[PDB]
Amino acid sequence: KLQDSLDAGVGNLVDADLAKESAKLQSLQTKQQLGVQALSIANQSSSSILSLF
Amino acid sequence: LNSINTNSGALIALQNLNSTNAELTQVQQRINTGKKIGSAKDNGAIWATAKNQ
Amino acid sequence: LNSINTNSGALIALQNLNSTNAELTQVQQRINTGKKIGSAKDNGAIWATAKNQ
């Protein structure tokens, strides 16, 4: 019983909560695609001034 | 509201799910133990009475 | 809790099943040898008294 309690304590110490990680994964994938699109829109900034010459 | 950073609804669903899993754990305890008061954590008074008796 | 590593509930269920197995082993030992005290391991004092008697 003592070995079982020590293993349960190690698991309480270092195990992760996967259900929270699922929502975190979905939100961070959407955030990464949004950040890539925002970086592309930022990259397109220089094009406008070629038209005015 | 409507944001890529937080998701309160998944938090609330996770709380209700952990409550359901705790109820399943207590039911498995009463099933494999055969007692509704298997330890002092369940209830100290009637358990102490049962031990002395 | 809610992790892919530790599974404390299976450990508690195993402890309960092992207790039930020990009870069934003691009872089949009584059924087989015909005695509630068949050896010094069962109870040393009454066993030694029965041996001398």
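Residues numbered from 1 in each chain as written, not as in the entry; some residues may be left out. Chains lettered and ligands numbered in written order. Part of a larger assembly, values for the part shown. Heavy atoms only, no water.

**Here we look at the overall build of chain A**
Here is step 1 of the chain: Looking only at helices and strands, one finds 3 helices and 0 strands in chain A.
Here is step 2 of the chain: Counting helices and strands in the order they occur from the N terminus, chain A gives α-α-α.
Here is step 3 of the chain: Its C-alpha radius of gyration of 24 Å places chain A more than 25% over the 10 Å reference for a compact globule of 53 residues.
Here is step 4 of the chain: Considered along the principal axes of its C-alpha atoms, chain A spans approximately 80 × 15 × 5 Å.
Here is step 5 of the chain: Each of the 53 residues in chain A was classed as buried or not, and the buried ones make up 8%.
Here is step 6 of the chain: Between the averaged position of the 4 positive side-chain charges in chain A and that of its 5 negative side-chain charges there is a distance of 11 Å. (Helix = DSSP H or I, 4+ residues; strand = E, 2+ residues; numbered from the N terminus. Rg over C-alpha atoms; globule rule 2.2 N^0.38 Å. Buried < 20%, exposed > 50% of the residue type's maximum accessible area, 1.4 Å probe, protein only. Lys, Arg positive; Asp, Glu negative; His and termini not counted. Charge placed at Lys NZ, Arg CZ, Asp CG, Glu CD.)

**Quick word on the interface of chain C and chain A**
Here is step 1 of the chain: Tallying the contact residues gives 9 residues for chain C and 11 residues for chain A.
Here is step 2 of the chain: Across the chain C/chain A interface, buried area totals approximately 740 Å², and carbon plus sulfur atoms make up 45% of it.
Here is step 3 of the chain: Among the residues chain C hides against chain A, the three largest losses belong to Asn2, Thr6 and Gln15 of chain C. Together they make up 51% of the total.
Here is step 4 of the chain: Put simply, chain C and chain A have 0 salt bridges between them. (Contact = heavy atoms within 4.5 Å. Buried area = accessible area lost by both parts, 1.4 Å probe. Salt bridge = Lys/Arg side-chain N within 4 Å of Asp/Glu carboxyl O.)

**As for the interface of chain B and chain A**
Here is step 1 of the chain: At the interface, 5 residues of chain B touch 7 residues of chain A.
Here is step 2 of the chain: Roughly 470 Å² is buried in total at the junction of chain B and chain A, and carbon and sulfur atoms are behind 72% of that figure.
Here is step 3 of the chain: At the junction of chain B with chain A, the criterion picks out 0 salt bridges.
Here is step 4 of the chain: Summed over the shared surface of chain B and chain A, the number is 0 residue pairs in polar contact. (Polar contact = N/O pair within 3.5 Å; in protein donor to acceptor, adjacent residues only side chain to side chain.)

**Describing the pattern of salt bridges**
Residue and element names in this part refer to chain A.
Here is step 1 of the chain: With the rule as written, the count across this model stands at 1 salt bridge over all chains.
Here is step 2 of the chain: A salt bridge links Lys24 to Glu21, with the shortest nitrogen-to-oxygen separation between them at 3.7 Å. Residue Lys24 and its partner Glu21 are located together in helix α2 (residues 18–43), separated by 3 residues, close to a single helical turn.

Note that all results are geometric; they support no functional claim without further evidence.
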